[PDB]
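One chain follows as structure tokens, the form deposited in one PDB entry.
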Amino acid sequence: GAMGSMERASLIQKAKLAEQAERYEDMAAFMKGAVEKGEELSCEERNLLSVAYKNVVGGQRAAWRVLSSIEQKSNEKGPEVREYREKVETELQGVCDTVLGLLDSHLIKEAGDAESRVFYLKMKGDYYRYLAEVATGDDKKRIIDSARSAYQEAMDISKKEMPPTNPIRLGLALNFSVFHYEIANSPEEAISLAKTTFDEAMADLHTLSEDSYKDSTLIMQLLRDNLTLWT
């Protein structure tokens, strides 16, 4: 790897610089290098990894949707729209495969605490969900089940080990509800999960400090926003 010669601490420092510079491809490469040092990641380091790859794949997802819409409308201009949509699709799949590779070698198996294990399993669900968004052939069903299985394991741990206001637990429930609605064609499961998550978090807000209250209520507003859209 191109970052094998750089100190772990230097990789983390440069990831933070790249975030400030809005250089998210660089930030992702730096954090990939940090993960490959083999040590477990702190909560702040997991945030750097998450921010970097979410921004990279988010740009690819946005581009893919633009190109897929143009392609759908065209279906004569020749093969160029399909070719270029396929190009972006393959790059997107490559990023998802890279993230899933880091999680499987060996972030998840070394994650023993609830916050680390739930965060990584949520990540695994998210990047399979992104693969599912572009999947069509004999692989779409297996990709969807891989996302479901990762999210479900994360949910089982989070319900046993975290309070209902924990932001990792809340963001996991939010993303699993999006999975149900957008990917698995299960809007009623999505709505049920969103409502139950919101209501249990509401009842636990009284236990929080002002700083944790801010974090929990932000994700709860997103659950509400989706419920408004879905109903």
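Start at 1 and count along the sequence shown; that's the residue number. Superpose the two forms; the largest set of C-alphas matching within 1.5 Å is the rigid core.
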Between 201 to 209 and 25 to 33, which one shows the bigger average Cα displacement from this form in 9 other deposited structures of this protein once the rigid core is aligned? 201 to 209
Checking the other PDB entries with both flanking residues built, is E153 absent in a third or more? no
For at least a third of the other PDB entries compared, is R82 missing from the model even though its neighbours are present? no
In the deposited sequence, how many residues between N75 and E76 have no modelled coordinates (none, 1 to 3, 4 to 9, 10 or more)? 4 to 9
Mean Cα B-factor check, 12 to 20 vs 206 to 214, entry values; winner is 206 to 214
State which stretch shows the higher mean Cα B factor in the entry: 105 to 113 or 92 to 100. 105 to 113
Quiz for you: based on the deposited Cα B-factor, which of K122, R85, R129, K140 is highest? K140
Note to self: of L48, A173, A34, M162, the C-alpha temperature factor tops out at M162
Among the modelled residues of this chain, does the Cα B factor of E44 put it in the lowest, middle or highest third? middle
Could you look up the Cα B-factor of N185 in the entry and say which third of the chain it sits in: lowest, middle or highest? highest
Within this chain's modelled residues, let me know which third the CA B factor of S192 belongs to: lowest, middle or highest. middle
Among all modelled residues of this chain, ranked by Cα B factor, put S177 in the bottom, middle or top third, i.e. lowest, middle or highest. lowest
Grab the CA temperature factor for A154 from the record and place it in the lowest, middle or highest third of its chain. lowest
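Separately, the form solved in complex with a small molecule exists; it is not shown, and the next lines address it.
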Using the partner position in the entry with it bound, report whether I191 sits within 4.5 Å of the small molecule, counting heavy atoms only. yes
Since only the chain is shown here, I'm wondering whether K37 would be in contact with the small molecule in the entry with it bound (any heavy atom pair within 4.5 Å). no
Check all three, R148, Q152 and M155, heavy atom within 4.5 Å of the small molecule in the entry with it bound: no
